[PDB]
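A.B. asks: Take a look at this one; I'll ask things after.
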Amino acid sequence: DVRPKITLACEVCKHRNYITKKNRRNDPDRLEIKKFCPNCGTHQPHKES
Amino acid sequence: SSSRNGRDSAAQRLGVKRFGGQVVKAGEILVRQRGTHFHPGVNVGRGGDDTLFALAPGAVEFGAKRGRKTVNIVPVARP
Amino acid sequence: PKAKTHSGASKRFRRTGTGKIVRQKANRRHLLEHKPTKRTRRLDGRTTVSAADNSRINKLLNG
RNA sequence: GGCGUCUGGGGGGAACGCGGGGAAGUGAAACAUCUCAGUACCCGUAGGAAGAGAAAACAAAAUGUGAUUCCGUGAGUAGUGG
RNA sequence: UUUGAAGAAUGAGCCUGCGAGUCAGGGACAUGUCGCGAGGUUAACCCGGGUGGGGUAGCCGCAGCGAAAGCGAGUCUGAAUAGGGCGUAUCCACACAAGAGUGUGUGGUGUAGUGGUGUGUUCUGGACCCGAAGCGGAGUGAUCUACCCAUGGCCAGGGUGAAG
RNA sequence: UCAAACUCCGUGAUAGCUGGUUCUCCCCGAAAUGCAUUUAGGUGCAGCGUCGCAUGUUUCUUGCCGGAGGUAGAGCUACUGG
RNA sequence: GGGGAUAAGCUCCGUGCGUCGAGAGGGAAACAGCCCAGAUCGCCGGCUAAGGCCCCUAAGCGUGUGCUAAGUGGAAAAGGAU
RNA sequence: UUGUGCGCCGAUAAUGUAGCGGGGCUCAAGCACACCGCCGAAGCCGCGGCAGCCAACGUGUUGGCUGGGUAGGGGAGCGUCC
RNA sequence: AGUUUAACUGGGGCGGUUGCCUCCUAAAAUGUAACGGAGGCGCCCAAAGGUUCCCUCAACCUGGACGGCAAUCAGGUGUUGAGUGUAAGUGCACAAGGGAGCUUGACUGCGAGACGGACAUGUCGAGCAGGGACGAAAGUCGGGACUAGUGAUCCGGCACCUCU
């Protein structure tokens with residue numbers, strides 16, 4: 001689908017927080033992004049599920 | 001024999017919503033525009049779509065600077 | 001015979017303390033990844049129903 | 001199975017009862033789920049009325065009600081519904 | 001009924017009779033009038049040859065917010081006195097902050113609903129009246145006509161001349 | 001009477017369709033537009049009428065003052081073209 | 001202004017433009033949409049608007065100065081013409 | 001030769017003149033420019049009657065503005081029967 | 001056996017269209033129709049987003065090994081004629097155009113005031129709080145120069161919650 005919807009889960013508490021899209025062919029690997037984790041209250045690395 | 005045309009978009013209702021000499025509160029939209037035909041001046045802020053609005057209450061006043069149309073707000077005097 | 005309150009309208013509208021009629025906003029069920037938080041933030045909470053359809057709604061809820 | 005003999009049935013009736021079978025026009029602004037409706041009609045049956053009835057019932061911690069049936073409320077509410 | 005008809009658009013031959021927004025429900029909304037008034041009122045049912053008397057079970061008002069637990073002049077969201085939403089009948093005076101539109105406090109004023117009933121719209125009913133082609137249930141019909149079954153009847157007169 | 005007979009019943013079938021709807025006066029008085037529509041001869045909301053309540057000239061006309069356009073016109077060694 | 005052939009009594013738009021629709025009375029011979037003017041009722045009174053004033057037909061075969069010879073007035077083109 | 005005001009030709013369908021409403025008109029009753037009166041409506045005025053809105057005062061008179069009207073909204077009444 | 005088989009349409013059919021974006025018609029505010037005149041979309045980018053800093057093209061002229069009109073170099077002229085992910089328009093040389101360093105604000109809870117509207121949608125939003133990025137600092141950052149790249153409600157899936 002070239003640009004499939006992906007969701008981001010906090011690395012610490014494993015809460016599925018955000019949802020974006022990315023080019024799977026351009027970035028076949030998983031996504032490393034730092035984002036604001038609401039329940040933790042502090043920016044934590046976010047892992048695409 | 002048929003026409004390949006006939007498609008049109010909605011009319012976006014641009015224009016100058018607030019004209020010179022009018023009293024505006026904070027945040028009222030002054031001009032709804034697409035490009036920067038009108039440029040922000042004093043106490044006038046630019047929106048995301050180049051929509052202009054007011055950061056401070058006062059009276060609108062159109063002006064020019066460096067050959068550019070600008071929109072300003074003069075701080076009307078308290079009674 | 002009694003007057004049967006409309007089932008659909010009874011499940012979508014509300015009466016507040018003063019007698020206002022409130023409703024919820026649309027466009028918030030699905031397909032909202034691309035809807036920015038600003039759009040979703042303005043699309044939640046109860047809103048007083050427009051006076052255009054306030055006449056019809058009162059007829060449905062009361063009868 | 002055949003005899004002989006005694007007692008019964010059979011048919012009618014306007015409405016009401018009980019147990020079965022059971023549509024369509026129609027509304028859904030089309031229509032099949034659904035509604036119309038378990039209505040119309042049909043079948044089997046009594047009675048002066050019938051059916052139901054003496055907890056393998058409600059209830060919610062109250063040391064409460066106490067067979068059934070029939071009215072008023074609960075309530076066009078809890079719910080149910082392409 | 002039409003943008004437009006004396007119209008060559010529709011209807012009426014004439015007269016007299018007859019012929020179309022009605023009713024039910026403690027229904028819904030609105031508006032008059034009457035009773036009581038922070039209260040109003042009964043339904044079923046009982047007692048009276050009546051239209052009268054009884055009947056507190058319920059309903060409406062009396063506190064709101066929230067999905068709900070719950071809290072309560074506050075409440076929900078929220079980490080938040082941090083803003084917003086709904087609410088505290090409304091008005092008046094006075095202070096305190098703003099003049100990003102006024103806001104907060106004190107004090108006073110005090111809150112009006114509900115039962116009939118008249119009218120207008122409306123809900124469920126056929127619901128202002130007249131009108132289909134057709135759809136389903138139960139029955140009646142082959143004395144007309146199609147075909148068949150049983151048993152009867154009829155076919156003047158004159159030609160051609162198969163097999164054997 | 002036959003591309004599905006007749007009669008009764010459901011039944012006062014249902015029609016975004018045609019027709020019809022009866023006494024008088026006083027005051028006010030429209031629309032044939034917009035959006036949507038299994039929608040275009042229908043309907044919902046808005047627009048225009050009337051009645052009640054509230055607010056009062058906020059409506060309207062004229063003069064003056066502050067505004068932003070890009071038509072008429074005109075121009076092209078000022079752009080894109082001819 | 002678009003479509004049309006810069007045709008239609010054509011069709012689709014804009015207009016604090018009009019009228020008819022929903023509007024009588026006077027004028028245009030007759031003639032919803034043009035021009036004057038918005039009907040509360042009566043009068044055997046008066047002044048005017050658009051339009052007219054030889055007879056039909058109400059009021060001027062009105063006054064001054066000219067033009068027309070074609071009944072022009074009382075339909076029309078490129079173009080022709082002492 | 002130039003510019004003008006009036007004219008001529010181009011001109012041409014099928015019931016009956018038929019492209020002034022008719023008669024008729026150049027002794028203009030035709031055209032242009034000035035001037036003078038008059039006729040003309042349900043307009044305006046005069047005299048009288050009625051109604052709606054409002055005001056002034058009064059224990060309902062006066063005054064001022066208004067009174068076309070279909071769909072339609074509101075107010076008030078006549079007639080019939082029990 | 002019960003049913004469905006669209007609408008617009010200068011009658012109907014066949015043909016064509018049905019939503020969104022930009023331009024002209026559109027009569028110098030907004031809006032404005034026709035089967036009127038032209039095009040585009042149902043995406044793309046983990047950098048083509050945020051921030052800090054720096055720079056100015058296209059074209060022409062002159063001279064240079066291949067190399068020529070045009071490849072890279074030097075000099076001069078050159079105010080916008082280049083370029084802006086993508087259609088057109090409005091913009092942008094102060095750059096929103098070219099290059100480099102760090103980074104994820106392509107956030108959470110909200111939002112005074114507005115634009116546009118029949119309603120449903122749609123759009124801008126200064127600012128406050130938490131926690132961050134770039135920057136010395138002022139400050140900027142709730143995706144992209146802007147406007148298209150999308151689908152209400154019902155029904156159902158997944159994860160979390162101090163609800164029942």
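Here, A, B, ... name the chains of the structure tokens in the order displayed, residue numbers run from 1 inside each chain, and ligands are numbered from 1 in the same displayed order.
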Need the shell around stretch 147-162 of chain I: protein/DNA/RNA residues with any atom at most 7 Å away, counting only C-alpha atoms (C1' of nucleotides). Skip same-chain ones fewer than 4 positions apart. Format as an MDAnalysis selection string?
C.D. replies: (chainID A and resid 16) or (chainID B and resid 34) or (chainID C and resid 26:27) or (chainID I and resid 20:21 41:43)
A.B. asks: Please write the residues from the selection above to a file, keeping N, CA, C and O atoms (P, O5', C5', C4', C3', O3' and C1' of nucleotides), as a PDB file, in the first residue's frame.
C.D. replies:
```pdb
ATOM      1  N   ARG A  16      -0.198   2.372  23.042  1.00  0.00           N
ATOM      2  CA  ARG A  16      -0.325   2.789  21.650  1.00  0.00           C
ATOM      3  C   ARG A  16      -0.855   4.215  21.635  1.00  0.00           C
ATOM      4  O   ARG A  16      -2.037   4.453  21.878  1.00  0.00           O
TER       5      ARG A  16
ATOM      6  N   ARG B  34      -5.671  34.332   0.026  1.00  0.00           N
ATOM      7  CA  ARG B  34      -4.947  33.113  -0.299  1.00  0.00           C
ATOM      8  C   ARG B  34      -3.437  33.328  -0.275  1.00  0.00           C
ATOM      9  O   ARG B  34      -2.721  32.632   0.447  1.00  0.00           O
TER      10      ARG B  34
ATOM     11  N   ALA C  26     -20.630  15.471  14.773  1.00  0.00           N
ATOM     12  CA  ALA C  26     -20.361  14.357  13.881  1.00  0.00           C
ATOM     13  C   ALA C  26     -18.872  14.310  13.546  1.00  0.00           C
ATOM     14  O   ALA C  26     -18.061  15.029  14.130  1.00  0.00           O
ATOM     15  N   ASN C  27     -18.499  13.443  12.606  1.00  0.00           N
ATOM     16  CA  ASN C  27     -17.143  13.327  12.076  1.00  0.00           C
ATOM     17  C   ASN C  27     -16.126  12.857  13.110  1.00  0.00           C
ATOM     18  O   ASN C  27     -14.934  13.137  12.970  1.00  0.00           O
TER      19      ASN C  27
ATOM     20  P     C I  20     -18.515  19.209  -4.000  1.00  0.00           P
ATOM     21  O5'   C I  20     -16.939  19.134  -3.814  1.00  0.00           O
ATOM     22  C5'   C I  20     -16.374  18.822  -2.553  1.00  0.00           C
ATOM     23  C4'   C I  20     -14.872  18.735  -2.625  1.00  0.00           C
ATOM     24  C3'   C I  20     -14.176  19.899  -3.298  1.00  0.00           C
ATOM     25  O3'   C I  20     -14.012  20.998  -2.428  1.00  0.00           O
ATOM     26  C1'   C I  20     -13.298  17.879  -4.124  1.00  0.00           C
ATOM     27  P     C I  21     -13.856  22.478  -3.013  1.00  0.00           P
ATOM     28  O5'   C I  21     -12.443  22.453  -3.733  1.00  0.00           O
ATOM     29  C5'   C I  21     -11.250  22.390  -2.975  1.00  0.00           C
ATOM     30  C4'   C I  21     -10.052  22.646  -3.842  1.00  0.00           C
ATOM     31  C3'   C I  21     -10.133  23.878  -4.717  1.00  0.00           C
ATOM     32  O3'   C I  21      -9.810  25.066  -4.026  1.00  0.00           O
ATOM     33  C1'   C I  21      -9.397  22.049  -6.002  1.00  0.00           C
ATOM     34  P     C I  41      -4.106  14.628 -11.847  1.00  0.00           P
ATOM     35  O5'   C I  41      -4.829  14.666 -10.433  1.00  0.00           O
ATOM     36  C5'   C I  41      -4.149  15.141  -9.285  1.00  0.00           C
ATOM     37  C4'   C I  41      -5.023  15.094  -8.060  1.00  0.00           C
ATOM     38  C3'   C I  41      -5.501  13.724  -7.633  1.00  0.00           C
ATOM     39  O3'   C I  41      -4.516  12.980  -6.950  1.00  0.00           O
ATOM     40  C1'   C I  41      -7.300  15.238  -7.552  1.00  0.00           C
ATOM     41  P     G I  42      -4.499  11.389  -7.100  1.00  0.00           P
ATOM     42  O5'   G I  42      -5.698  10.928  -6.172  1.00  0.00           O
ATOM     43  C5'   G I  42      -5.781  11.409  -4.841  1.00  0.00           C
ATOM     44  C4'   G I  42      -6.834  10.690  -4.045  1.00  0.00           C
ATOM     45  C3'   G I  42      -6.844   9.173  -4.203  1.00  0.00           C
ATOM     46  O3'   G I  42      -7.042   8.555  -2.933  1.00  0.00           O
ATOM     47  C1'   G I  42      -8.982  10.060  -4.703  1.00  0.00           C
ATOM     48  P     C I  43      -5.773   8.024  -2.099  1.00  0.00           P
ATOM     49  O5'   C I  43      -4.729   9.221  -2.182  1.00  0.00           O
ATOM     50  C5'   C I  43      -3.362   9.034  -1.840  1.00  0.00           C
ATOM     51  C4'   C I  43      -2.458   9.476  -2.964  1.00  0.00           C
ATOM     52  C3'   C I  43      -0.964   9.445  -2.695  1.00  0.00           C
ATOM     53  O3'   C I  43      -0.399   8.156  -2.826  1.00  0.00           O
ATOM     54  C1'   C I  43      -1.536  11.475  -3.748  1.00  0.00           C
TER      55        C I  43
END
```
A.B. asks: So which residues touch stretch 19-32 of chain B within 10 Å, counting only C-alpha atoms (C1' of nucleotides), skipping near sequence neighbours fewer than 4 positions away, as a ChimeraX atom specification?
C.D. replies: /B:12-15,37-39,43-47,49-63,71-76 /E:100-101 /F:66-68 /I:112-115,124-126
A.B. asks: If DSSP is run on the backbone, what residues of chain A are strand (DSSP E or B)? A reply as a PyMOL selection string would be ideal.
C.D. replies: chain A and resi 5-10+16-21+32-37+42-48
A.B. asks: Restricting the output to N, CA, C and O atoms, write the selected residues as an mmCIF file, in the first residue's frame.
C.D. replies:
```cif
data_model
loop_
_atom_site.group_PDB
_atom_site.id
_atom_site.type_symbol
_atom_site.label_atom_id
_atom_site.label_comp_id
_atom_site.auth_asym_id
_atom_site.auth_seq_id
_atom_site.Cartn_x
_atom_site.Cartn_y
_atom_site.Cartn_z
ATOM 1 N N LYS A 5 -0.946 3.028 7.154
ATOM 2 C CA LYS A 5 -1.052 3.626 8.476
ATOM 3 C C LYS A 5 -0.298 2.786 9.496
ATOM 4 O O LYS A 5 -0.417 1.559 9.518
ATOM 5 N N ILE A 6 0.480 3.452 10.347
ATOM 6 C CA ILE A 6 1.199 2.796 11.427
ATOM 7 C C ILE A 6 0.851 3.506 12.725
ATOM 8 O O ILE A 6 0.443 4.668 12.734
ATOM 9 N N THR A 7 1.006 2.786 13.829
ATOM 10 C CA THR A 7 0.726 3.317 15.155
ATOM 11 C C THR A 7 2.001 3.272 15.980
ATOM 12 O O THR A 7 2.849 2.401 15.771
ATOM 13 N N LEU A 8 2.151 4.226 16.889
ATOM 14 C CA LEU A 8 3.349 4.341 17.707
ATOM 15 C C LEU A 8 3.025 3.987 19.152
ATOM 16 O O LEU A 8 2.065 4.511 19.724
ATOM 17 N N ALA A 9 3.825 3.104 19.735
ATOM 18 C CA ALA A 9 3.642 2.671 21.109
ATOM 19 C C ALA A 9 4.819 3.136 21.948
ATOM 20 O O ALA A 9 5.972 3.026 21.524
ATOM 21 N N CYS A 10 4.524 3.659 23.135
ATOM 22 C CA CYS A 10 5.577 4.104 24.036
ATOM 23 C C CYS A 10 6.450 2.926 24.432
ATOM 24 O O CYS A 10 5.951 1.839 24.719
ATOM 25 N N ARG A 16 -0.198 2.372 23.042
ATOM 26 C CA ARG A 16 -0.325 2.789 21.650
ATOM 27 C C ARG A 16 -0.855 4.215 21.635
ATOM 28 O O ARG A 16 -2.037 4.453 21.878
ATOM 29 N N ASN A 17 0.024 5.175 21.355
ATOM 30 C CA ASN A 17 -0.275 6.587 21.563
ATOM 31 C C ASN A 17 -0.681 7.305 20.281
ATOM 32 O O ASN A 17 -1.788 7.842 20.195
ATOM 33 N N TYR A 18 0.192 7.324 19.282
ATOM 34 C CA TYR A 18 -0.031 8.095 18.068
ATOM 35 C C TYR A 18 -0.210 7.170 16.875
ATOM 36 O O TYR A 18 0.029 5.963 16.948
ATOM 37 N N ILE A 19 -0.640 7.755 15.760
ATOM 38 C CA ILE A 19 -0.829 7.004 14.526
ATOM 39 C C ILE A 19 -0.490 7.886 13.333
ATOM 40 O O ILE A 19 -1.114 8.929 13.121
ATOM 41 N N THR A 20 0.514 7.484 12.554
ATOM 42 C CA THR A 20 0.904 8.236 11.367
ATOM 43 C C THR A 20 0.997 7.313 10.164
ATOM 44 O O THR A 20 0.542 6.169 10.218
ATOM 45 N N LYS A 21 1.576 7.801 9.073
ATOM 46 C CA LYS A 21 1.859 6.986 7.905
ATOM 47 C C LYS A 21 3.321 7.142 7.513
ATOM 48 O O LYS A 21 3.959 8.153 7.810
ATOM 49 N N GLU A 32 11.942 4.790 14.750
ATOM 50 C CA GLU A 32 12.460 5.316 16.007
ATOM 51 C C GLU A 32 12.071 6.779 16.136
ATOM 52 O O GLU A 32 12.648 7.635 15.459
ATOM 53 N N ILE A 33 11.117 7.077 17.015
ATOM 54 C CA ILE A 33 10.663 8.446 17.214
ATOM 55 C C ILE A 33 10.480 8.698 18.704
ATOM 56 O O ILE A 33 9.975 7.852 19.444
ATOM 57 N N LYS A 34 10.926 9.871 19.144
ATOM 58 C CA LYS A 34 10.687 10.356 20.495
ATOM 59 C C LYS A 34 9.414 11.185 20.493
ATOM 60 O O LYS A 34 9.245 12.059 19.641
ATOM 61 N N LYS A 35 8.518 10.908 21.435
ATOM 62 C CA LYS A 35 7.245 11.606 21.492
ATOM 63 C C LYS A 35 6.816 11.743 22.944
ATOM 64 O O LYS A 35 7.346 11.076 23.833
ATOM 65 N N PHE A 36 5.839 12.610 23.171
ATOM 66 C CA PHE A 36 5.342 12.892 24.512
ATOM 67 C C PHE A 36 4.425 11.758 24.950
ATOM 68 O O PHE A 36 3.373 11.537 24.343
ATOM 69 N N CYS A 37 4.807 11.039 26.003
ATOM 70 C CA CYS A 37 3.969 9.970 26.532
ATOM 71 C C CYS A 37 3.048 10.531 27.603
ATOM 72 O O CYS A 37 3.530 10.909 28.678
ATOM 73 N N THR A 42 6.352 12.448 30.275
ATOM 74 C CA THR A 42 7.678 12.850 29.831
ATOM 75 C C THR A 42 7.950 12.171 28.498
ATOM 76 O O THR A 42 7.473 11.067 28.241
ATOM 77 N N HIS A 43 8.700 12.859 27.645
ATOM 78 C CA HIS A 43 9.002 12.333 26.324
ATOM 79 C C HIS A 43 9.749 11.013 26.440
ATOM 80 O O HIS A 43 10.784 10.934 27.103
ATOM 81 N N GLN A 44 9.225 9.980 25.801
ATOM 82 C CA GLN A 44 9.826 8.658 25.802
ATOM 83 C C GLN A 44 9.908 8.155 24.375
ATOM 84 O O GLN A 44 9.079 8.516 23.535
ATOM 85 N N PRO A 45 10.898 7.323 24.061
ATOM 86 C CA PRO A 45 10.988 6.778 22.705
ATOM 87 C C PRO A 45 9.734 5.997 22.358
ATOM 88 O O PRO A 45 9.179 5.277 23.189
ATOM 89 N N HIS A 46 9.282 6.149 21.122
ATOM 90 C CA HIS A 46 8.068 5.501 20.662
ATOM 91 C C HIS A 46 8.394 4.522 19.548
ATOM 92 O O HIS A 46 9.124 4.848 18.610
ATOM 93 N N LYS A 47 7.846 3.320 19.671
ATOM 94 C CA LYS A 47 8.061 2.228 18.738
ATOM 95 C C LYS A 47 6.818 1.959 17.913
ATOM 96 O O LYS A 47 5.720 1.810 18.456
ATOM 97 N N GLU A 48 7.002 1.889 16.600
ATOM 98 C CA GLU A 48 5.913 1.488 15.729
ATOM 99 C C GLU A 48 5.598 0.016 15.944
ATOM 100 O O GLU A 48 6.494 -0.832 15.922
#
```
A.B. asks: If we count only C-alpha atoms (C1' of nucleotides) and set the cut-off at 10 Å, which residues sit around residue I:135, ignoring sequence neighbours fewer than 4 positions away in its own chain? Please answer as a list in words.
C.D. replies: residues 51, 52, 139 and 140 of chain I
A.B. asks: Mind dumping the selected residues with N, CA and C atoms (P, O5', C5', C4', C3', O3' and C1' of nucleotides) as a PDB file, in the first residue's frame?
C.D. replies:
```pdb
ATOM      1  P     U I  51       9.919  26.928  12.289  1.00  0.00           P
ATOM      2  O5'   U I  51      11.327  26.946  13.019  1.00  0.00           O
ATOM      3  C5'   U I  51      11.412  27.143  14.418  1.00  0.00           C
ATOM      4  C4'   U I  51      12.812  26.909  14.914  1.00  0.00           C
ATOM      5  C3'   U I  51      13.871  27.820  14.325  1.00  0.00           C
ATOM      6  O3'   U I  51      13.951  29.060  14.999  1.00  0.00           O
ATOM      7  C1'   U I  51      14.601  25.584  14.202  1.00  0.00           C
ATOM      8  P     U I  52      14.604  30.329  14.275  1.00  0.00           P
ATOM      9  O5'   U I  52      16.153  29.976  14.202  1.00  0.00           O
ATOM     10  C5'   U I  52      16.967  30.035  15.361  1.00  0.00           C
ATOM     11  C4'   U I  52      18.417  29.815  15.022  1.00  0.00           C
ATOM     12  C3'   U I  52      18.952  30.642  13.869  1.00  0.00           C
ATOM     13  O3'   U I  52      19.339  31.941  14.267  1.00  0.00           O
ATOM     14  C1'   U I  52      19.586  28.392  13.581  1.00  0.00           C
ATOM     15  P     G I 139      10.337  37.272  23.850  1.00  0.00           P
ATOM     16  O5'   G I 139       9.898  37.141  22.330  1.00  0.00           O
ATOM     17  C5'   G I 139       9.424  35.910  21.818  1.00  0.00           C
ATOM     18  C4'   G I 139      10.178  35.509  20.580  1.00  0.00           C
ATOM     19  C3'   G I 139       9.629  34.308  19.840  1.00  0.00           C
ATOM     20  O3'   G I 139       8.567  34.662  18.974  1.00  0.00           O
ATOM     21  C1'   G I 139      11.966  34.073  20.107  1.00  0.00           C
ATOM     22  P     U I 140       7.166  33.881  19.037  1.00  0.00           P
ATOM     23  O5'   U I 140       7.318  32.764  17.920  1.00  0.00           O
ATOM     24  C5'   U I 140       7.814  33.095  16.633  1.00  0.00           C
ATOM     25  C4'   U I 140       8.358  31.882  15.928  1.00  0.00           C
ATOM     26  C3'   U I 140       7.535  30.618  16.080  1.00  0.00           C
ATOM     27  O3'   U I 140       6.449  30.563  15.178  1.00  0.00           O
ATOM     28  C1'   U I 140       9.794  30.132  16.516  1.00  0.00           C
TER      29        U I 140
END
```
A.B. asks: Report the closest atom pair, with its distance in Å rounded to one decimal, for each residue of chain E that has an atom no farther than 6 Å from chain C; count only C-alpha atoms (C1' of nucleotides), sort by chain and then rising residue number, and write it as JSON lines.
C.D. replies:
```
{"residue": "E:25", "atom": "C1'", "partner": "C:1", "partner_atom": "CA", "distance": 5.0}
{"residue": "E:27", "atom": "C1'", "partner": "C:2", "partner_atom": "CA", "distance": 4.5}
{"residue": "E:28", "atom": "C1'", "partner": "C:63", "partner_atom": "CA", "distance": 5.2}
{"residue": "E:123", "atom": "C1'", "partner": "C:3", "partner_atom": "CA", "distance": 5.9}
```
A.B. asks: Which residues of chain C have any atom within 12 Å of an atom in chain F when counting only C-alpha atoms (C1' of nucleotides), and what is the closest pair of atoms for each, with the distance in Å to one decimal? Order the rows by chain and rising number and write it as a Markdown table.
C.D. replies:
```
| residue | atom | partner | partner_atom | distance |
| --- | --- | --- | --- | --- |
| C:50 | CA | F:45 | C1' | 11.0 |
| C:51 | CA | F:45 | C1' | 10.6 |
| C:52 | CA | F:45 | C1' | 6.8 |
| C:53 | CA | F:45 | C1' | 7.5 |
| C:54 | CA | F:45 | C1' | 11.0 |
| C:55 | CA | F:45 | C1' | 10.8 |
| C:56 | CA | F:44 | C1' | 10.1 |
```
A.B. asks: Emit the selected residues as a JSON list (two decimals), in the first residue's frame, including N, CA, C and O atoms.
C.D. replies:
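Saved as out-v4.json:
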```json
[["chain", "number", "residue", "atom", "x", "y", "z"],
["C", 50, "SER", "N", -29.17, 24.01, 16.81],
["C", 50, "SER", "CA", -29.46, 25.23, 16.07],
["C", 50, "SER", "C", -30.95, 25.54, 16.12],
["C", 50, "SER", "O", -31.79, 24.64, 16.09],
["C", 51, "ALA", "N", -31.27, 26.83, 16.19],
["C", 51, "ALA", "CA", -32.66, 27.25, 16.25],
["C", 51, "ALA", "C", -33.42, 26.95, 14.96],
["C", 51, "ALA", "O", -34.65, 27.06, 14.95],
["C", 52, "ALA", "N", -32.72, 26.58, 13.89],
["C", 52, "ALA", "CA", -33.40, 26.17, 12.67],
["C", 52, "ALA", "C", -34.22, 24.91, 12.91],
["C", 52, "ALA", "O", -35.40, 24.85, 12.55],
["C", 53, "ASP", "N", -33.62, 23.90, 13.53],
["C", 53, "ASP", "CA", -34.28, 22.62, 13.79],
["C", 53, "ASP", "C", -34.74, 22.47, 15.23],
["C", 53, "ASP", "O", -35.04, 21.35, 15.66],
["C", 54, "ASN", "N", -34.81, 23.56, 16.00],
["C", 54, "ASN", "CA", -35.29, 23.45, 17.37],
["C", 54, "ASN", "C", -36.79, 23.19, 17.40],
["C", 54, "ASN", "O", -37.31, 22.62, 18.37],
["C", 55, "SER", "N", -37.51, 23.62, 16.37],
["C", 55, "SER", "CA", -38.95, 23.38, 16.33],
["C", 55, "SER", "C", -39.26, 21.91, 16.12],
["C", 55, "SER", "O", -40.08, 21.32, 16.84],
["C", 56, "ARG", "N", -38.61, 21.29, 15.13],
["C", 56, "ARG", "CA", -38.88, 19.88, 14.84],
["C", 56, "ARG", "C", -38.44, 18.99, 15.98],
["C", 56, "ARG", "O", -39.11, 18.01, 16.31]]
```
A.B. asks: Output as a ChimeraX atom specification all residues of chain C that backbone DSSP marks as helix (DSSP H, G or I).
C.D. replies: /C:7-10,37-41,54-62
A.B. asks: Find the residues in chain D near chain C: any atom within 10 Å counts, using only C-alpha atoms (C1' of nucleotides). Write them as a PyMOL selection string.
C.D. replies: chain D and resi 75-76+81
A.B. asks: If you take only C-alpha atoms and a cut-off of 12 Å, which residues of chain C touch chain A, and what are their nearest atom pairs and distances in Å to one decimal, in chain and number order, as a tab-separated table?
C.D. replies:
```
residue	atom	partner	partner_atom	distance
C:31	CA	A:5	CA	11.0
C:32	CA	A:19	CA	9.6
C:33	CA	A:19	CA	6.3
C:34	CA	A:20	CA	7.9
C:35	CA	A:20	CA	10.8
C:36	CA	A:20	CA	10.9
C:37	CA	A:18	CA	11.0
```
A.B. asks: Taking only C-alpha atoms (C1' of nucleotides) into account, name the residue in B:16, B:35, B:78, B:64 that is nearest to chain I.
C.D. replies: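 Nearest to chain I: B:35.
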A.B. asks: Compute the chain I side of the contact with chain A at 8 Å, counting only C-alpha atoms (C1' of nucleotides), and hand it back as number ranges by chain.
C.D. replies: I: 46, 104, 106-108, 130-132, 159-160
A.B. asks: Write a file of the just-selected residues containing C-alpha atoms (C1' of nucleotides), as a PDB file, in the first residue's frame.
C.D. replies:
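Okay, this is what ended up in part_20.pdb:
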```pdb
ATOM      1  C1'   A I  46      10.805  10.509   8.086  1.00  0.00           C
ATOM      2  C1'   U I 104      10.936  15.181  15.964  1.00  0.00           C
ATOM      3  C1'   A I 106       3.875  15.384  11.929  1.00  0.00           C
ATOM      4  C1'   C I 107       2.787  16.931  20.845  1.00  0.00           C
ATOM      5  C1'   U I 108      -0.863  16.254  25.582  1.00  0.00           C
ATOM      6  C1'   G I 130       2.842  20.043  31.156  1.00  0.00           C
ATOM      7  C1'   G I 131       6.681  18.164  28.844  1.00  0.00           C
ATOM      8  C1'   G I 132      10.349  19.084  24.648  1.00  0.00           C
ATOM      9  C1'   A I 159      -5.489  -1.182  23.402  1.00  0.00           C
ATOM     10  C1'   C I 160      -6.066   1.675  27.835  1.00  0.00           C
TER      11        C I 160
END
```
